[PDB]
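>>> Build me a structure from this.
(chains A and B)
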Amino acid sequence: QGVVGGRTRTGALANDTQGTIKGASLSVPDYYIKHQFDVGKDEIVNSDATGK
Amino acid sequence: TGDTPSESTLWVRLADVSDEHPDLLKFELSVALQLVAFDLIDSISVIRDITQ
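Residues are numbered from 1 along each chain as shown, chains lettered A, B, ... in the order given. I have put the structure below:
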């Protein structure tokens, strides 16, 4: 937060620090939450044919 | 001593010579002036040594 200084009515116009905006930066990660499965194509037709 | 000030033809520069500062007002009252004496022998003579 910028700092407020003090001076008399006729006091010298000194300068004081300033509010600092800092650039924050995240990123959509380069790492996935994958879950993947090798469903055998035989267990697809088979399970469709005989599936309770 | 007891007369009206009877403003002259000589002009005084009232310069509002203000400043950066937002609280002071900083006026100046300045005049340049010359006393050219045409015909120096005619214009001025001086009785130099009076006793008072």
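>>> can you pull out the strands in chain B?
Using DSSP state E, the strands of chain B run over B:13-15, B:28-30.
>>> In chain B, what residue comes closest to chain A?
For chain B and chain A, the shortest gap (CB to the nearest CB) falls at residue B:23, measuring 5.1 Å. Just so you know, the C-beta spots here come from the backbone N, C-alpha and C atoms, and that holds for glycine as well.
>>> element containing the residue nearest the centre of chain A?
Taking CA atoms, centre = their mean as the criterion, residue A:26 is the residue nearest the geometric centre of chain A, at 4.1 Å. Counting by DSSP states H and E, no helix or strand carries residue A:26.
>>> what phi and what psi does the backbone show at it?
When read as degrees, to the nearest 10, the backbone of residue A:26 gives phi -100, psi -170.
>>> Can you classify the residue lying farthest from the centre of chain A by secondary structure?
Ranking residues of chain A by C-alpha distance from their mean position (CA atoms, centre = their mean) puts residue A:10 at the top, at 48.8 Å. Under the three-state scheme (DSSP: H, G, I helix; E, B strand; the rest coil), residue A:10 adopts coil.
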